[PDB]
């Protein structure tokens, strides 16, 4: 059994050595070893794992919509002693004595427009067509998600780096054996092999995670010399009323009751943040 822990937040990501801006047109997504045998080490209905999977799904949806190829790695059910090699010494039979647990988790189910690679080693590049698939498609950035952060995910990151591919480790779309091990993997990549980011940093229009983030969505929509206070009417500050239709439609994805009326009757940063907050 593995025990759930608090997933890393923005402040838990150490400052990255490199600066690479995310380029959608140059990127691909990796969903690393998210098979049943591996997520079943947290047991049934683990909220930390449900959070991780939900984050990976968000990223995958964005990717598919934006023509960013999505790759999975899957460890094969049958592995001969010659092929498995030293992994038998390190982990024993692994998934090979639970072959029925080889499928990708239900909520991350591949379709035919994704690519599923047979995974033989920690690095998704080893004994696979991954490097050549990426170079041929003109993709030099790899978004990395899945389990387990410090082992296969971190190894693939370093390997990518060595192969001239820019890794983007996604802090809260990973899980590990332990929090310390998870956080070490982020410190390692941040300092030795690439970018470490939060899921929301790759998404083009995520819901405000803070009232500070909300101000950041609203402020460029106003015509003014002075910024408004949080309890100021936004329409007084140049907000086109029609913008609230798009805001409500975006924010309905979290709270099914938020419409134009709910926003319009009290158009303030204070009132809207209060609406987005409710559990």
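Numbering follows the first chain given and starts at 1.
Looking at 181-189 and 98-106 together, the entry lists the larger mean B-factor for 98-106, computed on C-alpha atoms. Mean CA temperature factor is higher for 204-212 when stretches 204-212 and 190-198 are set side by side in the entry.
As recorded in the entry, 249 carries the highest CA temperature factor of 52, 249, 58, 31. Annotation for residue 64: C-alpha temperature factor in the lowest third relative to the rest of the modelled chain, per the entry. Compared with the other modelled residues of the chain, the Cα B-factor recorded for residue 9 ranks in the middle third. For residue 27, the recorded CA B-factor ranks within the lowest third of the chain. Only modelled residues enter the ranking.
Remark: residue 82 belongs to the middle third of its chain, ranked by C-alpha B-factor as recorded.
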